[PDB]
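Asks:
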Amino acid sequence: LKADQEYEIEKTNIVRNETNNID
Amino acid sequence: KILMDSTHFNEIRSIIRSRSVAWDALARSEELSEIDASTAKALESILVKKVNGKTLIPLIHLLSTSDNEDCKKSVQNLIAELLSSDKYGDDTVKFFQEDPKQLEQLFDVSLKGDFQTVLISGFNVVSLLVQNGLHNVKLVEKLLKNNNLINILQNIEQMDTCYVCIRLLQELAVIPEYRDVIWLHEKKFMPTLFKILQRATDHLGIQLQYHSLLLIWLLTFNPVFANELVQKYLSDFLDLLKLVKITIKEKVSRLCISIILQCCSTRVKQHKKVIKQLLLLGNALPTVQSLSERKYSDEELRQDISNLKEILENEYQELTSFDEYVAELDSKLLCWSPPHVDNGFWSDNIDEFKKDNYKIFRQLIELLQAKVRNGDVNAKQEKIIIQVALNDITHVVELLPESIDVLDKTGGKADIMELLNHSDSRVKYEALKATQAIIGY
Numbered sequence: 037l038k039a040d041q042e043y044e045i046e047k048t049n050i051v052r053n054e055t056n057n058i059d
Numbered sequence: 005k006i007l008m009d010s011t012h013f014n015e016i017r018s019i020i021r022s023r024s025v026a027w028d029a030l031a032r033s034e035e036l037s038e039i040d041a042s043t044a045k046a047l048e049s050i051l052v053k071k072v073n074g075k076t077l078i079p080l081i082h083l084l085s086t087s088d089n090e091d092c093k094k095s096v097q098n099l100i101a102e103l104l105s106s107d108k109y110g111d112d113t114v115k116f117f118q119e120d121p122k123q124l125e126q127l128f129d130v131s132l133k134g135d136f137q138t139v140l141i142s143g144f145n146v147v148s149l150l151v152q153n154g155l156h157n158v159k160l161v162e163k164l165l166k167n168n169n170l171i172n173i174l175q176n177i178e179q180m181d182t183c184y185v186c187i188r189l190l191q192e193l194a195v196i197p198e199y200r201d202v203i204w205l206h207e208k209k210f211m212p213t214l215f216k217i218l219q220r221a222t223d237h238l239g240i241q242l243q244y245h246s247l248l249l250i251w252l253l254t255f256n257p258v259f260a261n262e263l264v265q266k267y268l269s270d271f272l273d274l275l276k277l278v279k280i281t282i283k284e285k286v287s288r289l290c291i292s293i294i295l296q297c298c299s300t301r302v303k304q305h306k307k308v309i310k311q312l313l314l315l316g317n318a319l320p321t322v323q324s325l326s327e328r329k330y331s332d333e334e335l336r337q338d339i340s341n342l343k344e345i346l347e348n349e350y351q352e353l354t355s356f357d358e359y360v361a362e363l364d365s366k367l368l369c370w371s372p373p374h375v376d377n378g379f380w381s382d383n384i385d386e387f388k389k390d391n392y393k394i395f396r397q398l399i400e401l402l403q404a405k406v407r408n409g410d411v412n413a414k415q416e417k418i419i420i421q422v423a424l425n426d427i428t429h430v431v432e433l434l435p436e437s438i439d440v441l442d443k444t445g446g447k448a449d450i451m452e453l454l455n456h457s458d459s460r461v462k463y464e465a466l467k468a469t470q471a472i473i474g475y
């Protein structure tokens, strides 16, 4: 569960980086 | 409670229920009101054995009014039983979420009063905060900052209290804000976690160790917290590896492997440096190779061990024997490494030792001087380190004898002469060999 939670945070950060690229 | 199924939680609940005070008795002693006494009796019938519902506020008021230890313990036990019950507990959590005053009162009650009462109140608060609506990072931080929680966590003799605290922290670690609160609590009380890890490396203790490992892994899930904890204890990875090797539980081994991987994970800062340091100091590569050879029943644990072994092999591929020697010199620990007895390694590293104005030679001389100062203890590890340092000095004097003058200037000859009078036979023989290599035939 901890590993999956870390992956979700990393996946959200990648999408957050895309928002900066979109910006 | 949130984790009432645990043996420690059940024992705490039983201890709290042992000191029970009747609502009618409290009302007679002017410790509660008639309506408050009726609400407390209804709650006791519902949970301890009808749900109080809105009457739970009068029960809490009576508990606050009844400052007696027995009454507080009874109230805490009733709250824990209601939290364990499916019908009750959830209503109290919803009321606390809707009315922050009730949640604040529950948080204040947590980790207060008698030890059993404090544990029961903390379990009830954790169960209430388990719900998303009633979750509060500030309440969790306030409960952790209480002296009762710290004492329970640091209670080595009271393994049940430490296990309950670790389980509560692990359960609270799900919420990212509560995860940060738990990370702050770990930064504050890392000594308890280190003691638990040491005990596991060297039942109630097994459950406490598993809960501590789960909490450590949850904290390390955040890359910033993992990076902060990496520098907090350099030997934490070695202790975790030793505990995993000693422990036969599949879940504990998997948790330890996940915690070790998280520290060396690419998400954490300086992942390559951390992995290299772990492999150089704690011998991560050999432990991982041994674990890979060993057969594990759990598939997830086996996959984690394989991933850790692959990471260790990749880290060691770039590393060399020179890096291991440098790490050993920095740690001031030498146990007759293969490089010391390898003539080819000394021949190919003689120039490196004399490089940078013989920086490695100066470090070896300083280590030998420290061992001579520590020679009064004459410990077996100290004697082995002194012998290894003497052998290294003799090799560095025989090959590229320019370092001999530097050692003589830095008191290396004096240190060798002092070691020649050491009580240990091996140390005396090593010092005699060094003296013979210096000027002897």
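Listed in order, the protein sequences are those of chains K and P.
Okay, so the first sequence: first residue is 37 according to the authors' numbering, each after it adds one.
Per the authors' numbering: the second sequence = residues 5 to 53, 71 to 223, 237 to 475.
Even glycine gets a Cβ: it sits at the ideal position worked out from N, Cα and C.
(1) Please list, in chain order, the chain P residues whose beta carbon lies closer than 7 Å to that of residue 38 of chain K.
(2) My output table needs one value for residue 456 of chain P: the three-state DSSP class, helix, strand or coil.
(3) Excluding the 5 residues preceding and the 5 following residue 359 of chain P in the sequence, name in chain order all residues of the same chain whose CB lies nearer than 6 Å to its CB.
(4) Taking the runs of the beta strand (DSSP E) that are 3 residues or longer, which of them lie wholly in the segment 365-398 of chain P?
(5) Name, please, each residue of chain K whose Cβ falls closer than 8 Å to the Cβ of residue 301 of chain P.
(6) Does the segment 442-449 of chain P come close enough to the segment 396-408 of chain P that 3 or more CB-CB pairs lie under 8 Å?
(7) For the candidate residues P:173, P:453, P:245, P:387, whose alpha-carbon lies nearest to that of residue 412 of chain P?
(8) Can you find a C-beta in chain K that's less than 9 Å from the C-beta of residue 296 of chain P?
(9) Going straight from the alpha carbon of residue 357 of chain P to that of residue 145 of chain P, what length do you get?
(10) Apply the 10 Å Cβ neighbour rule to residue 42 of chain K and answer buried if 16 or more other Cβ atoms are within range, or exposed otherwise.
(11) Helix or strand or just coil, what does DSSP make of residue 444 of chain P?
(12) Pull up the CB-CB distance for residue 350 of chain P and residue 313 of chain P, whole angstroms please, since I reckon it's below 8 Å.
(13) Checking contacts by CB at 9 Å: is residue 149 of chain P closer than that to chain K?
(14) Does the separation of the CB atoms of residue 316 of chain P and residue 272 of chain P fall below 9 Å?
(15) With contact counted as at least three CB pairs below 8 Å, one residue from each stretch, are the segment 42-52 of chain K and the segment 23-42 of chain P in contact?
(16) Please state whether DSSP places residue 48 of chain K in a helix, a strand or coil.
(17) Going along the chain, which residues of its own chain have a beta-carbon closer than 7 Å to the beta-carbon of residue 461 of chain P, five neighbours each way excluded?
(18) Assuming residue 215 of chain P and residue 267 of chain P form a contact by the criterion Cβ under 8 Å, report the distance between their Cβ atoms to the nearest whole angstrom.
(19) Could you tell me whether the segment 15-23 of chain P touches the segment 376-388 of chain P, where touching means 3 or more Cβ pairs closer than 8 Å?
(20) Strictly under 9 Å for the Cβ-Cβ distance: is residue 248 of chain P near chain K by that measure?
(21) Within the continuous alpha helix (DSSP H) that includes residue 72 of chain P, where are the two ends?
(22) Pull up the distance between the alpha-carbon of residue 19 of chain P and that of residue 74 of chain P, whole angstroms please.
(23) Considering only the beta carbon of each residue, do residue 85 of chain P and residue 110 of chain P sit closer than 9 Å?
(24) Comparing the C-beta of residue 195 of chain P with each C-beta of chain K, is any distance below 9 Å?
(25) For residue 353 of chain P, collect the residues of the same chain with a Cβ closer than 8 Å to its Cβ; drop the 5 residues on either side in sequence, then sort them by chain order.
(26) Look at the alpha carbon of residue 143 of chain P and the alpha carbon of residue 246 of chain P, and state the distance between them as a whole number of angstroms.
Replies: Result, derived from the coordinates:
(1) Neighbourhood of residue 38 of chain K in chain P, by CB distance below 7 Å: 251, 252, 255, 292, in chain order.
(2) DSSP places residue 456 of chain P in coil when its eight states are reduced to three.
(3) The residues 373, in chain order, have a CB closer than 6 Å to that of residue 359 of chain P in the same chain once the five nearest residues on each side in sequence are set aside.
(4) Segments of the beta strand (DSSP E) lying fully in the segment 365-398 of chain P: there are none.
(5) Using a Cβ-Cβ cut-off of 8 Å, residue 301 of chain P is close to 42, 46 of chain K, given in chain order.
(6) The answer is yes - the segment 442-449 of chain P touches the segment 396-408 of chain P, with three or more Cβ pairs under 8 Å.
(7) It is P:453.
(8) Taking Cβ atoms only, chain K reaches closer than 9 Å to residue 296 of chain P, which makes this a yes.
(9) The C-alpha of residue 357 of chain P lies about 52 Å from the C-alpha of residue 145 of chain P.
(10) That one is buried.
(11) In the three-state reduction of the DSSP assignment, residue 444 of chain P falls in the coil class, being assigned neither a helical nor a strand state.
(12) About 5 Å separates the two Cβ atoms, so the contact holds.
(13) No, residue 149 of chain P does not count as interfacial toward chain K.
(14) Yes, these two residues count as a Cβ contact at 9 Å.
(15) Contact between the segment 42-52 of chain K and the segment 23-42 of chain P is absent, because fewer than three Cβ pairs lie under 8 Å.
(16) It is helical.
(17) Within the same chain, Cβ atoms closer than 7 Å to the Cβ of residue 461 of chain P are found at 417, 420, 421, 453, the five residues on either side in sequence being excluded.
(18) Contact holds; Cβ gap of about 6 Å.
(19) Short answer: they don't touch.
(20) So yes, residue 248 of chain P belongs to the interface.
(21) Where residue 72 of chain P is concerned, there is no enclosing alpha helix (DSSP H), given that its DSSP letter is neither H nor E.
(22) The straight-line gap from Cα to Cα measures roughly 25 Å.
(23) Contact flag unset, no.
(24) Cβ-Cβ to chain K under 9 Å: yes for residue 195 of chain P.
(25) Excluding residues within five positions, the ones whose Cβ falls inside 8 Å are 310, 313, 314.
(26) Straight-line Cα distance between these residues: approximately 18 Å.
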